[PDB]
Every structure is written in structure tokens, then in C-alpha cells.
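To start, the structure under review is shown below, and the notes come after it.
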Amino acid sequence: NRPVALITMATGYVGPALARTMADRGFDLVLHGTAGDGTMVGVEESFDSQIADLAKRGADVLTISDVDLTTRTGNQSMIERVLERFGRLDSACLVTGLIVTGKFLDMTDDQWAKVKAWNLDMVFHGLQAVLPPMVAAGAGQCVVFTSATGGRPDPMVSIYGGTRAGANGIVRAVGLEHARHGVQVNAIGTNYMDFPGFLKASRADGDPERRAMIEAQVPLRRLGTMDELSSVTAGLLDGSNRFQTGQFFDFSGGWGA
Amino acid sequence: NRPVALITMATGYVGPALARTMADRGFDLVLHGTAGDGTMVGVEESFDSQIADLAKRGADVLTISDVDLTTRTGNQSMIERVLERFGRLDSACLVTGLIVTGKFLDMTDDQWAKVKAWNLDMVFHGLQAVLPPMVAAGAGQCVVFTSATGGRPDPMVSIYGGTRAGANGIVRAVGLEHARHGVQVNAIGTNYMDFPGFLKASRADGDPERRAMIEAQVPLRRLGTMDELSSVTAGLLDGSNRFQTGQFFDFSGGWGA
Amino acid sequence: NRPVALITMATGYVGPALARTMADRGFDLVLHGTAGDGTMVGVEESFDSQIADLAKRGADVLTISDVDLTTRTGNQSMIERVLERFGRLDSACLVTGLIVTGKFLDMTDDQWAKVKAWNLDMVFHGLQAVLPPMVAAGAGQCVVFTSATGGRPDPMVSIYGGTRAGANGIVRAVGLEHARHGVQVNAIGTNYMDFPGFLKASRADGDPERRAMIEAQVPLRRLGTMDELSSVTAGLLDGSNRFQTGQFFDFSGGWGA
Amino acid sequence: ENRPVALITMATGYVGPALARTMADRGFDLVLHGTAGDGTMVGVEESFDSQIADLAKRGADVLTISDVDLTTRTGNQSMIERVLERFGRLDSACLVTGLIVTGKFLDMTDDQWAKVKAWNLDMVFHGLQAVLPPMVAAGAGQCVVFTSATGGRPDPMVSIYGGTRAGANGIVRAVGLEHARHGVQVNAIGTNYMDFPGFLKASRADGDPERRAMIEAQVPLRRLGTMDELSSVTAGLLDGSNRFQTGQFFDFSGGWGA
């Protein structure tokens, strides 16, 4: 009678570390991500490499990689495939968004459209899919990953930070609206995290001297670890804390405080 | 050498009262709005009605009513016709949005698409159209109307309140990004205002019993008047205050405090 | 039968400019401040120089300068003397606080005691004195000046900015608690204002070298003027806007956005 | 053999006992400040004697303190001195503060005003001035200050209590950001609607099922929080597993403060 957790974009970012700790905590897993080995773009840990490790921890695993999570059909199909394999959905970690920066007056209609599809549509369709089975069960926990820029939309990041703020707003209303059914929905927004996504976007991957300058912008003078982020994320998904919902938690070393 | 102020949706809501006071402060006016007389939907004070009154106050008027302000082409066309008649743009008041409410799980793709086009696209394209001339002149003031729900997006107002929070987010980044050019951009969000839009949406029109119940939800126990709102709004557009930018102001009788 | 406005610390900061425009708007005035001519510390415009100008604007004036506004007795006696002369109290502007900075671990018990007395006690006793007559009249407007550091208490400003935040919190509850009696209470917090107080605290006197460094810290690249602040302050005290209460407005050229 | 040390105040009630139990499971030695006496004394939910026995089976040494005034500089300085004398190190500190008062704003007296400042602010000011120097000198430390969820939404009938709580949160933000460069963290947690005697009697929900249900109906998640839950979240900010958050305030009230 093991509980089931869903994690998306799990071939990178916090997915791999989160899966390990959720398996240690007694969960079966459903991992959505990119197919192929490490050479393919956006693949930090392939499906194959993870399955061996997670099985030793005692978790059954299902993989999904042929859905478009910016649409209703992609998210509905993902949850349908979850329920037929395991027949339940206790927790869900929805990783969303795509980074874009630049002057506000240089932004194009394509950039504006891409920001809306990844920062808002993924959240809207994602939540409309995971909530029904949780409401029907009378219990559930969801974490939506947005961005720390949503708490302080700054110049040169207007359309990206601005839409992240709207995503946090949606999570507040949704987390409050379904609380009476025993369901929790919260948001986490990170920045200055140590992984390829942030390193490339901040032009820090090339020069170690530029890395040090970027670290000097964080109050705690370092970049975050995925093991740290997974421990925090799991705390909102493992059933140990059922008294927080509709809230946004900043995770950027004090940058967003 | 009168300055020029642009007001959109000016055939209703705050437009008419704002135009009158702005004319008293020595402004020329460009009014976007809806064509037709009082019997057509969405018109509270027709163009013809305001022309005669605005004339005695000493202001010239240009009307625009054949443009789609959810598009880039529409907003660009609007500003081109402003610069053509008067050759300058000193202040801009952009009214945006369209209300939708209901359970989060009942929302359709059409509702989701409609709220994005009115609450976000109007803001994106609107600002990309009014700023370039202000930056060129080295001075400008802009007010974007969003909604008090952006400050506290609640159950039954998930997608409307959440996207309003994103609009406020964009206005913060933009307001701070163009401040060094002497331009100001701020947002105002209202609720419980006495005008047809809110009265119908709350099912309070023609129902004195319902009206009293609605007013009892407001800390100050009343509905707001357009004369009050126009005075506050004109204060951010008449040149008297030039030390605020990128900020959001709640105007709901304490409801959003 | 003119209305009566009360203004404290009125021999400096926003007092004199606020009294001038409030008189233009038809108010009788009661001014609390420091006695003496420009020689004494903390007096920018003496009582004598002002009463002649304000009388030409058509207002009666009452002066008070022998009360300790960190105590219940001082504030109670101030309002008692106001009702004795005019029998009426319509608006009140309570200027509070005294600035302290430095490392948190270098703060002494006297510094801690002083920030509490000027940032908090003044607000507690001030509001307990002005509200009773406004409640009994069924109408009233109050503005409490705190500081923009209350919105973002930063390092080296711990106990000052921290206590300013507590003052804003008190204004929120009080502003919401008495809204049903037709009374309004809001707060304004400034920074980077052009007046002797702020200039001395930032070592920017007759030294354009550092004042240019200070001005670059503001998004709008300038310092605010009391005529600007006076216009915003008067808007919340002249009866033109009765739909905002329990709110905090930042006025630092975008520094606090 | 080289166990880290954690300080917990007001540990005879509220979250102290449960937090002590899990921090011991995670390998900490403990210094517990609290009230002397058994369960018959007011303010003692779990007595010192009863905790030392259970904490012992978990492999933790314990020091107790109950003769200091934590509203003063002398009390807090004395407390930290006795920590370093016994263990020679301070790794984590959980400072419980404050005292409840409610009622109409215009009915508040000078004694009530003086009381909230001493418990909601002075405890925080003097508390942090005593726990930080050891952590800065070592280059590592974690601190949690318990304030109140009302600090995030100071409401009518809670003016001076909620307002001063918002001030404590502001102080925690500046301090948390000011010492981040030294490798030290300071954050705040603010609760409401917790299942323990302090809240049950302040809300008159004790012994009355119907009133207990009406109180729960004010919580979005329609329940009261347990100390096991709160101690799990609190320990996660004091056990070295998360070192990337500082100067922040976290609401813990079932969504009430969201």
C-alpha cells in the first residue's frame, strides 16, 4: 500500500534527487522527462540510470516522455497514465517555466507567447489534472515550482518575472480553494541554484571569475544544492506537514527575502 | 501649449470623470472608447455627450473606437494617431481587463484564453506602445488599471485574480526599468466601485436588499465614487507628483488592505 | 465654519508646505513644533514666519510647543487644547520617529529605548488621542508618517527599520478597526527626501561629490520635494478621497517598490 | 563524540518538548530553558524531569535553565554563557517569544502596551544579541525566532499584539540578511490555530465540542496543527540540512495567513 508521487521534468533540476529521497520515504514514483542519454539537451540523469538506483530503494517506477505539458491533452493523459499503473495519486511536483531576459521594449511576440505557455499554461492545465483524484480521495499534496523572480520582478526580466508572479497568485487562490478537501498546493521559487540551467543563463558556465562575482550577489555567498532543495521540497510532499497551503516559499540564499 | 493625456475605455468606468478633471488641469485629451449612444452596451457617457462639456473646459478631443487593444497592431495604431493630432504624449491611463469568476475546476479553455488576452496582453502591448515617445521626450507618466483582486487572489477568482497579480508584476519591473528616463508607470486596482460593471457582476443592480449586503463587506461600509477615483488617478498623471514609480495602489475601501 | 487639521513636528519636514496647501483648501490649523528661530536645531521654518503667510491664505492658527509626544499626557493635552479653541478635529497628520543606524551588534540599550519611544510610543499615544473625537463625529482622516525602511528593513538599519514595520502594522489594524465609524488611518513612509534631516544623516551637505552618489541610488535619479509630498499627503486629509484606510504608501522615488 | 548543541527556550511547553525529541534523534545535545516544577504548575506541559529521562534513551546530554529573565540583556547573556561553559559551542538556537493580549485598541492600557513590547520585541532584541557572537566566531549557525502568524496580517482587536509581531519579523529580516556573510541563518516562524493548551484556552475551545468545531471552521484546512508537524518543519531549519534560506518569515496556520 505504498503511496505514489509524480515528478515532472525529472531528468534534470531537482527531479533526480527528489525521487531518491521520496523513494527512501516509502513512495512509488512516476517520472516525466526527456528521453535519451546524457548527450541529449536537457538531460542531467537519464531514465535508465535512475531506475536501477530507485529500485534498490524499493520503489516501482513509471516513465512518461511523449506528452506536451503546455496543453490540456498532455496533462490529462499524464494523470490518466498515472492512475492506470498505480490507481492513486498522493503527491505531485510540477516543474514549470522557461527563462527569457532582455529589455522590455526589445521583447517580441514569440518571446511573449513562449513565456505565457511555459510559466502560466503549464500551471493552469497541470493543476486541473492532478486535483480531481486528490479531491476524490480527501487528501493530497502538490508543489508547483515557479521562480524567485516572481517575488521581486526586476528590470531586464519583466515578462518572465511578471508571469511568475501571476503563477504564484494562481497557486494562492487554488491552494485556498481546495483546502477544505484536505488538499495542499504550495509554490517554491528558486534562484542562484547550482545546475546547468542557471549556469548557462547567467553566463557563469564559462569563467570561474564570473562564477565568483555571481556568488557575491547572494547574501549567503554561495549557490544552492539540489540535495538541500529536495529535502525542503519533500517536506511538503511526504505527509509530515499538513498545515500549510496557498503559500509561496523563496529559496535563493536570501536574495528574495 | 497644452499637454496631452490618453484615456482608454473612456465611454465608461472612470473615463468620463477623469477626462473632466484632466481638462480642468489644462490637458488636451484623446479618448478611446465605444461608439454609440447610451442604449448600446458598454457606454455610460457617449462621445457626443462629453465633447460639448470638455469643450467649455478648454480642451480639444480626439476619439478612437475602431481598434483591438489586445493586439500589437491595435495599440501601435492608437499611439500613431495620438502623435499625429497633437505631436506629443504626456500622460496615459490604460484601462484593462474583463471579469470572470467561478470554481477553478469549471474553467474552460475559452475562459482561460479570454482572461489572458484582456488582463495581460492589453498590458504588454499597451506599454510597448506608449513608452517609446515618453522615453524620447525624457518625461512621462502612466497609470495602468488592473484590479484589487491582484493583491489577494481568492477562491472563486483564481484565474482572474492570479493574472491581475501578473499584470502588477509586469508594471513593477517596467516602472523601475524606465525610471532613469524620467518616466513613471504605476498600477491602480479597484473593487466595490459604484458603476454598472461592478453592480451587474455582483447581482446588486435593482436589488436594494442585495446592495446593502454588498456594502457591508467593505470596511468603510460603502461603495466608491468615480469622483474620488478620478482625483486620485489624476494625481499620478498631472505632473504634481513625480516621486513614485513601479508601485501598486489598492482602492477598495480597505477590502484589500 | 471651516474644518480643522492638526500637524505635528510642523517646524520642519513636510509641516510648513502641508499647512500652506491645507489652508488653500480651506482648513483651520493647529501646529505642533519647536520654539525659536532658525538658529535652534531642528527648526527649518519658524512659527512666526509661517503664521503671517497662513493668515493671508485665510486660516486661523494655534501653536503648541510644550508637550512630550512620547507620552499619553502630551498627546491627550494636545488634542484637549485643539478642541478648546476650535471644538472640532477633522484631520490629523502625525509625524513620528527619529533615525538611528549602525551594526546590529553595536546597538546599546539606550539606542533600543530611543527608537521604541519615537517610532512606536508616538504612534500608540498619538492615535489614542485623535480617534475618540473623530469616532464621535462619524468622520475623520489621519495620516501617520513612518519610513520607507519599514517596507524593506535592511542591514545596518535593523532596529529603526524593524520598529517602523511594527508601526505600519499597528496602522493597518487601527485603520481597519475604526473604518465602520467613517474614520480613515493610513501611513506614508519616505526616503531620499531633500530636506536638512535626511541630508545630514547621509553626509551630503555642500558636497556635490557624495550627493551625486546618493542620487544615483534612486530609480528616478533624484530627491523628492516637500511640495510633491505635500500634495500626496493633503489628498488623504482634505475629504476628496474617503475610500482608502489601513494602508501603507511608499514615497522614495521607487527605492521601496 | 563531537555532538552539536542546540538551545531551546520556553521548552516546558509549546513546541519545545517535541522539538527536543527530534533534535536528539538527529544527534544534538540540548540546553533547555523553561519553568521548574511538575505538570501541576502553570506553564509546564512536560516537566524537565520527564524529558531528561526520555531524551537520555536517545543519547543526548541535557542542561536546564530556569532562573533568568529573557526580557533583559543580563538574562540572555547569562543564558548563553552557561551554554558555552557546559558544551563549548552553540550550533542552533530556537527562541520562543511573546505573550498574547487582545481587545479594542482604545481600551488598551499603558501596562498592556508595556507588556507586549517587552515580550514581543525585547525578547527578540536581547535574544539575538546573545546567540549571534558565538555563531559568527565559529562561521556557522542557525536560528529560528518564533513570533506569530498575526504579524503577517495584524487585524482589528489585535492591534498592539499583531503590530509588534510584525516589528519582530522586520528585525529578523534585517538581522538575517546582515549576518548571512558570516555563514549564519536567522529566520522566523509564526503560528496560529495550534493544538496545545495555550491556544485552546485563549480561544475558549477547551472542553466544548461545538466551539471547537467553529474555531476549526476558521482554518482553510479545517483543523488545528500538531506539534509533531511543527517540530518537523522547525528542525529542518536547525539541523544543517538546509543552509540556503535566511532573513525570511514563514506562516504556519493552515493557510490562515496565506
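Chain labels run A, B, ... following the order of the C-alpha cells; each chain numbers its residues from 1, and ligands are numbered from 1 in the order shown.
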Contact residues (chain A, partner chain C, 12 Å, only C-alpha atoms) as a PyMOL selection string
chain A and resi 151-155+219+254+256-257
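For residue 24 in chain C, the residues within 12 Å (counting only C-alpha atoms, excluding itself and residues fewer than 3 positions away along the chain) are residues 2, 17, 18, 19, 20, 21, 27, 28, 29, 53, 54, 55, 56, 57, 58, 59, 231, 234 and 238 of chain C.
Distances from C:22, C:115, C:64, C:232 to chain D were compared using only C-alpha atoms, and the smallest one belongs to C:115.
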I need the contact residues of chain D against chain A, so if you could list those with any atom within 10 Å, counting only C-alpha atoms, and return them as a PyMOL selection string, that would help.
chain D and resi 173-174+176-185+193-194+217+219-226+228-233+236-237+240-258
Enumerate as a ChimeraX atom specification all residues of range 29-186 of chain A assigned to alpha helix (DSSP H) by DSSP on the backbone, naming them with the chain letters and numbers the document uses.
/A:47-56,72-86,109-116,122-137,158-177
Any idea what's packed within 9 Å of residue 21 in chain D, counting only C-alpha atoms, ignoring anything in its chain fewer than 6 positions away? Could you give it as a short mmCIF file (atom, residue, chain, number, x, y, z; two decimals) with C-alpha atoms, in the first residue's frame?
```cif
data_model
loop_
_atom_site.label_atom_id
_atom_site.label_comp_id
_atom_site.auth_asym_id
_atom_site.auth_seq_id
_atom_site.Cartn_x
_atom_site.Cartn_y
_atom_site.Cartn_z
CA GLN D 51 12.03 14.93 29.38
CA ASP D 54 13.32 10.11 27.52
CA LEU D 55 15.98 12.33 25.93
CA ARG D 58 18.03 8.90 22.63
#
```
Please list as a VMD selection string every residue within 12 Å of residue 76 in chain B, counting only C-alpha atoms and excluding residues in the same chain fewer than 5 positions away.
chain B and resid 67 to 71 81 to 83 122 124 to 133
Can you pull out every residue within 8 Å of range 31-40 of chain A, counting only C-alpha atoms, but drop anything in the same chain fewer than 2 positions away, and send it as a ChimeraX atom specification?
/A:6-11,29,42-47,61-65
For N, CA, C and O atoms, I'd like the residues from the last selection saved as a tab-separated table (two decimals), in the first residue's frame.
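The file below, out.tsv, is the result:
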```tsv
chain	number	residue	atom	x	y	z
A	6	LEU	N	4.26	12.02	-8.21
A	6	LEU	CA	4.55	12.42	-9.58
A	6	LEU	C	5.58	13.54	-9.59
A	6	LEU	O	5.48	14.48	-8.80
A	7	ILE	N	6.55	13.44	-10.50
A	7	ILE	CA	7.60	14.45	-10.65
A	7	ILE	C	7.82	14.66	-12.14
A	7	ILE	O	8.06	13.70	-12.88
A	8	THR	N	7.76	15.92	-12.59
A	8	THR	CA	7.91	16.26	-13.99
A	8	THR	C	9.25	16.93	-14.24
A	8	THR	O	9.89	17.45	-13.32
A	9	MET	N	9.66	16.93	-15.51
A	9	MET	CA	10.98	17.45	-15.89
A	9	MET	C	12.08	16.78	-15.07
A	9	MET	O	13.11	17.39	-14.77
A	10	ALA	N	11.86	15.52	-14.70
A	10	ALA	CA	12.67	14.81	-13.72
A	10	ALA	C	14.01	14.31	-14.26
A	10	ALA	O	14.74	13.65	-13.52
A	11	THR	N	14.35	14.58	-15.52
A	11	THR	CA	15.69	14.26	-15.99
A	11	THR	C	16.69	15.37	-15.68
A	11	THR	O	17.85	15.26	-16.08
A	29	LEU	N	6.94	5.85	-7.69
A	29	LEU	CA	7.22	7.05	-8.46
A	29	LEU	C	6.70	6.96	-9.88
A	29	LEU	O	6.59	5.89	-10.48
A	42	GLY	N	19.33	18.97	-22.16
A	42	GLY	CA	18.45	18.99	-21.01
A	42	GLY	C	18.33	17.69	-20.27
A	42	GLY	O	17.32	17.47	-19.59
A	43	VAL	N	19.32	16.81	-20.37
A	43	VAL	CA	19.31	15.52	-19.69
A	43	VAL	C	20.52	15.48	-18.77
A	43	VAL	O	21.66	15.32	-19.23
A	44	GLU	N	20.28	15.62	-17.47
A	44	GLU	CA	21.34	15.50	-16.47
A	44	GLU	C	21.46	14.08	-15.94
A	44	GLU	O	22.57	13.62	-15.65
A	45	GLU	N	20.33	13.38	-15.80
A	45	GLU	CA	20.32	11.98	-15.36
A	45	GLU	C	19.25	11.26	-16.15
A	45	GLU	O	18.05	11.55	-15.99
A	46	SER	N	19.66	10.33	-17.01
A	46	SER	CA	18.72	9.62	-17.86
A	46	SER	C	17.76	8.77	-17.02
A	46	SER	O	17.98	8.52	-15.84
A	47	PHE	N	16.68	8.33	-17.67
A	47	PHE	CA	15.75	7.42	-17.01
A	47	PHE	C	16.44	6.13	-16.60
A	47	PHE	O	16.27	5.65	-15.47
A	61	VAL	N	8.61	2.21	-10.60
A	61	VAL	CA	8.77	3.42	-11.38
A	61	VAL	C	8.04	3.29	-12.71
A	61	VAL	O	8.04	2.22	-13.33
A	62	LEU	N	7.41	4.39	-13.14
A	62	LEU	CA	6.82	4.52	-14.46
A	62	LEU	C	7.39	5.77	-15.12
A	62	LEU	O	7.63	6.78	-14.44
A	63	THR	N	7.60	5.70	-16.43
A	63	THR	CA	8.22	6.78	-17.18
A	63	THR	C	7.27	7.29	-18.26
A	63	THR	O	6.56	6.50	-18.90
A	64	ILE	N	7.27	8.61	-18.45
A	64	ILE	CA	6.42	9.27	-19.44
A	64	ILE	C	7.25	10.34	-20.14
A	64	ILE	O	7.88	11.17	-19.48
A	65	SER	N	7.23	10.33	-21.48
A	65	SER	CA	8.05	11.28	-22.23
A	65	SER	C	7.48	11.62	-23.60
A	65	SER	O	8.25	12.06	-24.47
```
Would you give me, as an MDAnalysis selection string, the residues in range 40-153 of chain D that DSSP reads as strand (DSSP E)?
chainID D and resid 62:65 92:96 141:146
Neighbours of residue 105 in chain D within 9 Å (only C-alpha atoms; same-chain residues fewer than 2 positions away dropped), as a ChimeraX atom specification?
/C:128,173-174,177 /D:102-103,107-108,156-160
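For the atom pair formed by CA of residue 97 in chain C and CA of residue 129 in chain D, the distance is 23.3 Å, given to one decimal.
Non-sequential neighbours of residue 124 in chain D (distance at most 7 Å, separation of 4 or more positions within a chain, only C-alpha atoms) are residues 120, 128 and 168 of chain D.
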Could those residues be written to a file, using N, CA, C and O atoms, as a JSON list (two decimals), in the first residue's frame?
```
[["chain", "number", "residue", "atom", "x", "y", "z"],
["D", 120, "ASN", "N", 7.27, 40.73, 23.03],
["D", 120, "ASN", "CA", 7.32, 40.56, 21.58],
["D", 120, "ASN", "C", 8.55, 41.18, 20.93],
["D", 120, "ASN", "O", 8.93, 40.74, 19.84],
["D", 128, "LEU", "N", 18.82, 37.84, 20.24],
["D", 128, "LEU", "CA", 19.73, 37.74, 19.10],
["D", 128, "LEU", "C", 21.11, 38.30, 19.43],
["D", 128, "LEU", "O", 22.12, 37.79, 18.93],
["D", 168, "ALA", "N", 8.85, 42.52, 15.08],
["D", 168, "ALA", "CA", 9.83, 41.47, 15.31],
["D", 168, "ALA", "C", 10.23, 40.80, 14.00],
["D", 168, "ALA", "O", 11.41, 40.51, 13.77]]
```
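CA of residue 197 in chain A lies 20.0 Å from CA of residue 123 in chain A.
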